[PDB]
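Visitor: The structure is given below, and queries will be raised subsequently.
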Amino acid sequence: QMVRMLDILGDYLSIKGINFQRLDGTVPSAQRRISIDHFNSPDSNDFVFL
DNA sequence: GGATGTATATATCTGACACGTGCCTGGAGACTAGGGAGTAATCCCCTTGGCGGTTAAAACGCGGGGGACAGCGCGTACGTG
């Protein structure tokens, strides 16, 4: 529900070292479509989507 | 032998203090009423965290030219006696 908790988990997976992608209200629709197509690709190395 | 600087004693000024006195204004005691504290209900406004979309305002870069500022002359108006 909070994007600051999304920032907390994003930094947790960043120092943890897990390929993560993110979507919230600050992200414009072009990068949203880019992240959705990147997560749904068959050769995606992304593991967790926020 | 005459004239001069310092030292203790007495009279006078001068603000402060002890005493006197009035009186009036503040304090002690009692009573009362009402102003304010507390409670409950109802409804509207504000808080914190989010989202979406428009779009006009804000930010940034760059040319250039208008204006701020420094320097110099002068003559007159103000300082000074």
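Labels used: A, B, ... for chains in the order of the structure tokens, numbers from 1 for residues in each chain, and numbers from 1 for ligands as shown.
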Per residue of chain B within 9 Å of chain A, what are the shortest atom pair and its distance in Å to one decimal, counting only C-alpha atoms (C1' of nucleotides), with rows by chain and residue number, as JSON lines?

Guide:
```
{"residue": "B:49", "atom": "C1'", "partner": "A:2", "partner_atom": "CA", "distance": 7.1}
{"residue": "B:50", "atom": "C1'", "partner": "A:2", "partner_atom": "CA", "distance": 7.0}
{"residue": "B:51", "atom": "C1'", "partner": "A:25", "partner_atom": "CA", "distance": 6.4}
{"residue": "B:52", "atom": "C1'", "partner": "A:25", "partner_atom": "CA", "distance": 8.6}
```

Visitor: Would you put the residues from that selection into a file with N, CA, C and O atoms (P, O5', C5', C4', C3', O3' and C1' of nucleotides), as a compact mmCIF listing (two decimals), in the first residue's frame?

Guide:
```
# COMPACT_ATOMS: atom_id res chain seq x y z
P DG B 49 2.67 10.54 5.67
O5' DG B 49 2.25 9.58 4.47
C5' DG B 49 1.97 8.22 4.74
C4' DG B 49 1.06 7.63 3.68
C3' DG B 49 1.57 7.75 2.26
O3' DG B 49 2.32 6.60 1.92
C1' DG B 49 -0.83 8.01 2.46
P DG B 50 3.14 6.53 0.54
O5' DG B 50 2.14 5.79 -0.46
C5' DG B 50 1.77 6.41 -1.68
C4' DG B 50 0.42 5.89 -2.16
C3' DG B 50 0.11 6.19 -3.61
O3' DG B 50 0.61 5.13 -4.42
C1' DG B 50 -1.79 6.65 -2.21
P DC B 51 1.22 5.45 -5.87
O5' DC B 51 -0.07 5.61 -6.79
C5' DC B 51 -1.02 4.57 -6.86
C4' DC B 51 -2.28 5.06 -7.56
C3' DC B 51 -2.02 5.67 -8.92
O3' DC B 51 -2.31 4.74 -9.94
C1' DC B 51 -3.60 6.95 -7.61
P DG B 52 -1.67 4.93 -11.40
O5' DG B 52 -2.66 5.96 -12.13
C5' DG B 52 -4.03 5.65 -12.29
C4' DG B 52 -4.76 6.77 -13.00
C3' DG B 52 -3.99 7.39 -14.17
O3' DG B 52 -4.82 7.44 -15.31
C1' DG B 52 -4.71 9.09 -12.66
```

Visitor: Considering only strand (DSSP E) as DSSP defines it on the backbone, what residues of chain A qualify? List them as a list in words.

Guide: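 Filtering chain A to strand (DSSP E) leaves residues 20, 21, 48 and 49 of chain A.
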
Visitor: Kindly give the distance, in Å, that separates atom CA of residue 34 of chain A and atom CA of residue 4 of chain A, rounded to a single decimal.

Guide: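 Going from atom CA of residue 34 of chain A over to atom CA of residue 4 of chain A covers 22.1 Å.
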
Visitor: Taking only chain A into account, list the residues labelled helix (DSSP H, G or I) by DSSP (computed from the backbone), as a ChimeraX atom specification.

Guide: /A:3-16,29-39

Visitor: To one decimal in Å, tell me the separation between atom CA of residue 28 of chain A and atom CA of residue 42 of chain A.

Guide: 23.9 Å
